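Below are the chains, spelled out letter by letter.
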Amino acid sequence: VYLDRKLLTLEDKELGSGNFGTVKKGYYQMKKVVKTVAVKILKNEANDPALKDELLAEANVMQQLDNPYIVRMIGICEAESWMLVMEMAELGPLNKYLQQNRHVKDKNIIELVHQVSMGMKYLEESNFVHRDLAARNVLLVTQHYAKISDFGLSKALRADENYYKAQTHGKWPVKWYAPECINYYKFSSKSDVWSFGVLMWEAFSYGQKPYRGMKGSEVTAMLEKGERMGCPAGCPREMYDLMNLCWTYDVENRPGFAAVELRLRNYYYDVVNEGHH
Ligand SMILES: Cc1ccc(Nc2cc(N[C@@H]3CCCC[C@@H]3N)nnc2C(N)=O)nc1C
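Residues numbered from 1 in each chain as written, not as in the entry; some residues may be left out. Heavy atoms only, no water.

- The PDB entry lists the protein under the name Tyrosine-protein kinase SYK, with Homo sapiens as the source organism.

Structure, rendered in structure tokens:
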């Protein structure tokens, strides 16, 4: 899990940023080949060991995860600051990508979000909760290969319960969070299913923000009235129905990722069939 700093080559060039630190590109000298990597580098802290073991927990989460639609952790490295080293998804976050490519085809969008449901189905089976599932946190390896990343808020569930109970917190991505998260601070796979719904909407809206121009409270207000974001331009009705099904207020009646993955899998093949015609 710990890596040799003298096998890692960083590039002065920065790729991204978040109030944990920054994202840069680099290379790790593997056994025979050199492998390209993305590295999370910490705001060299205080000494406020908050970020420090968020990174540690995040990395311990990721080393348990083995799946083609989850980003892979290469390892950690302590130097100037703390570094989390991951396999690189070159095309970057899904939302920025679709914002810069308004003419990706609908079928290609279905392909990518179904790939995300396969990763989440696996995550569900593994009794991990992601708690930050958004389009900014889906990364493109190619225009036809998506992976889930950014496991900073993630939790492994206890063997005796089906949800995780937040106690405190910093900012929450409220617009992606299910009502039971905001109301009872309970996070489960079903509430990841709710976020996946918002993720679908972002995707079919080519990277536009959900609940445009509203604050958390206006969002909570809308949803309690039973209101929901409408159908994005050009989004198939079957995919919009699945969105609304993900936004089932009542957790018990909201589907899990097995049902959601199967629904997407079938519809993608129906579309692949029609296209051949
Ligand atoms: C242009 C570009 C290209 C590749 C990546 N790659 C990654 C980015 C990332 N986290 C950031 C945090 C800030 C918001 C966007 C994103 N969720 N985590 N892991 C990778 C990875 N393993 O590849 N990022 C960018 C910005």
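Next comes the rest of the write-up.
### Focus on the domain arrangement of the protein
Piece 1. Parsing the protein into structural domains produces domain 1 (1-88) and domain 2 (89-277).
Piece 2. Of note, the centres of domain 1 and domain 2, computed from C-alpha atoms alone, are 25 Å apart.
Piece 3. Around 1,600 Å² of area is buried between domain 1 and domain 2 when both sides are counted, 61% of it from carbon and sulfur atoms.
Piece 4. Taken together, domain 1 and domain 2 are joined by three salt bridges.
Piece 5. Residues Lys-25 and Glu-90 are paired through a salt bridge, measuring 3.1 Å at the closest nitrogen-oxygen approach.
Piece 6. Elements supplying a minimum of two residues to the side of domain 1 that touches domain 2: β3 (34-42) and α1 (50-63).
Piece 7. Tallying contributions element by element places α1 first for the side of domain 1 that touches domain 2, with three residues.
Piece 8. Split by residue class, the side of domain 1 that touches domain 2 holds eight nonpolar, three polar and six charged. (Domains from an automatic or database assignment. Buried area = accessible area lost by both parts, 1.4 Å probe. Salt bridge = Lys/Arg side-chain N within 4 Å of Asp/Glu carboxyl O. Helix = DSSP H or I, 4+ residues; strand = E, 2+ residues; numbered from the N terminus. Nonpolar A, V, L, I, M, F, W, Y, C, P; charged D, E, K, R; others polar.)

### Regarding the pairing of strand β1 (residues 8-18)
Piece 1. In this structure, β1 lies alongside strand β2 (residues 21-29), joined through seven bridges in antiparallel fashion. Of the residues in β2, the one forming a bridge with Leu-8 is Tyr-28.
Piece 2. Hairpin geometry of β1 and β2 is characterised by an intervening segment of two residues between the two adjacent antiparallel strands. (Pairing = 2+ DSSP bridges.)

### Considering the environment of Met-200
Piece 1. Take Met-200: it is sitting in helix α5 (residues 189-204).
Piece 2. Residue class for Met-200 comes out buried when judged on its relative accessible area of 0%.
Piece 3. In this structure, the C-alpha to C-alpha distance between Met-200 and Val-113, residues 87 residues apart in sequence, is 6.7 Å.
Piece 4. Beyond its immediate chain neighbours, meaning those up to four positions away, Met-200 contacts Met-239, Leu-242 and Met-243. (Buried < 20%, exposed > 50% of the residue type's maximum accessible area, 1.4 Å probe, protein only. Contact = heavy atoms within 4.5 Å.)

### Considerations on the pattern of salt bridges
Piece 1. The full count for this structure, using the stated rule, is 14 salt bridges.
Piece 2. Residues joined in a network through salt bridges with shared partners are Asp-66, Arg-72, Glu-87 and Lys-147.

### Considerations on the packing of aromatic side chains
Piece 1. Going through the model one piece at a time under the given rule, you end up with seven aromatic pairs.
Piece 2. Between the aromatic rings of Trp-172 and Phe-187, the centroid separation amounts to 5.0 Å while the plane-to-plane angle is 80 degrees, which identifies the pairing as edge-to-face. Highlighted residues: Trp-172 in the loop between β11 (164-165) and α4 (179-184) and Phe-187 in strand β12 (residues 186-187), separated in sequence by 15 residues. Each member of the pair, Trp-172 as well as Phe-187, is classed as buried.
Piece 3. Ring centres 6.0 Å apart and planes at 50 degrees place the aromatic pair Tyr-268 and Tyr-269 in the tilted group.
Piece 4. Under the relative-accessibility criterion, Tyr-269 is labelled partly exposed at 47%.
Piece 5. Of the aromatic side chains, those joined through ring pairs into one cluster are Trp-172, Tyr-177, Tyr-185 and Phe-187.
Piece 6. Stacked on the ring of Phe-187, the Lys or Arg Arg-131 has its end atom at 4.3 Å from the ring centre.
Piece 7. Stacked on the ring of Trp-176, the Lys or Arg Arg-136 has its end atom at 4.6 Å from the ring centre. (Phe/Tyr/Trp six-rings, centres within 6.5 Å; stacked < 30°, edge-to-face > 60°. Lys NZ or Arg CZ within 6 Å of the ring centre and 35° of its normal.)

### Describing the site of the ligand
Piece 1. Close contacts around the ligand come from 16 residues, with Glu-87, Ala-89, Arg-136, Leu-139 and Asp-150 the closest.
Piece 2. Interatomic distance of 2.9 Å between a backbone N/O atom of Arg-136 and a nitrogen atom of the ligand.
Piece 3. Interatomic distance of 3.3 Å between a side-chain N/O atom of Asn-137 and a nitrogen atom of the ligand.
Piece 4. Elements supplying a minimum of two residues to the shell around the ligand: β1, β5 (82-87) and β6 (92-93).
Piece 5. Its residues placed into classes, the shell around the ligand shows nine nonpolar, three polar and four charged.
Piece 6. Split by domain, the residues of the shell around the ligand number at least three in each of domain 1 (1-88) and domain 2 (89-277). (Near = heavy atom within 4 Å. Polar contact = N/O pair within 3.5 Å; in protein donor to acceptor, adjacent residues only side chain to side chain.)

### Regarding the UniProt feature "binding site: ATP" in the protein
Piece 1. Within this numbering scheme, the UniProt entry marks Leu-15, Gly-16, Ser-17, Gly-18, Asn-19, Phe-20, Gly-21, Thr-22, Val-23 and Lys-40 as carrying the feature "binding site: ATP". Look at the named residues: they lie 26 residues apart in sequence, but the longest C-alpha span between them is just 14.2 Å, so in the fold they bunch up.
Piece 2. The residue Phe-20 is located in the loop between β1 and β2 in this model.
Piece 3. According to the relative accessible area criterion, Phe-20 is partly exposed, its value standing at 24%.
Piece 4. By the element assignment, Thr-22 lies in strand β2. (UniProt positions renumbered as here; feature names shortened; annotations may be inferred.)

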